């Protein structure tokens, strides 16, 4: 009785770090934007299995971690075989794995007569990834706390957006660990910035994790400089590796990408 479910990506339309938390993590402000860029997930009745087309081990897969915890918390034994076709590359700053977790666990929860509430499902996915709760709502949302405290918004942002994803995988943890005092801002500064971006002022997007990712992973910086050379303002999603801009992909970019192993994703917001 196989079904297909789409698992969308996100971009951060700006990100600010407020400071450190005792738990090791960081308090942040960010604007999440769901983008029409998907993994396709095939769900089938059978022995609990989570597989991908890119060789992520089952034990390490956030979806498998989430389904085991589902069983654990709720008592019910999960009998679904999951295959995910991964169009959203891991380490790309697009929340692919967090999206996989949210959409699968929301589906499996519904398929089993909704044992968990939307409050409890939120807690389940949120405990594994701070970006996962966003994918339970999608569209546009302000992310506060560690990103899980969410406020839906309407933006004035539409039109072409192009992603340029280099083959380097950015470690979110390594980027956050390179943070210094100088990188932090007040929540007031960041809140003013987010308001402006929401009103369509894309020029106001900035992201200190992108600044750092460009130093830690020089290829992210190469993509960044190439987009400038193309005549666009580049922006970085999450902790990288993705660089995006508000414009179309020229043949020259497509050529550069094919030669260098960049993925170019042309979307419309």
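Numbering follows the first chain given and starts at 1.
*Asks:* Which of the two stretches, 94 to 102 or 78 to 86, shows the higher mean Cα temperature factor in the record?
*Replies:* In the deposited entry, the stretch with the higher C-alpha B-factor mean is 78 to 86.
*Asks:* Per the entry, where is the mean C-alpha temperature factor higher: 206 to 214 or 51 to 59?
*Replies:* Stretch with the greater average CA B-factor: 51 to 59.
*Asks:* Can you tell me which of 162, 114, 186, 195 has the highest Cα temperature factor in the record?
*Replies:* Going by the entry's C-alpha B-factors, 114 comes out highest.
*Asks:* Would you please rank residue 15 by its C-alpha temperature factor against the other modelled residues of its chain and give the third it falls in: lowest, middle or highest?
*Replies:* For residue 15, the deposited C-alpha B-factor lands in the lowest third.
*Asks:* Using the temperature factors of the C-alpha atoms in this entry, rank residue 69 within its chain: lowest, middle or highest third.
*Replies:* It belongs to the highest third of the chain when residues are ordered by C-alpha B-factor.
*Asks:* Considering only modelled residues of the same chain, in which third does the CA B-factor of residue 261 rank: lowest, middle or highest?
*Replies:* Lowest third.
*Asks:* Looking at the C-alpha B-factor of residue 249, is it in the lowest, middle or highest third of its chain?
*Replies:* Residue 249: CA B-factor falls in the middle third of its chain.
*Asks:* Please say which third, lowest, middle or highest, residue 45 falls into when its CA temperature factor is compared across its chain.
*Replies:* Highest third.
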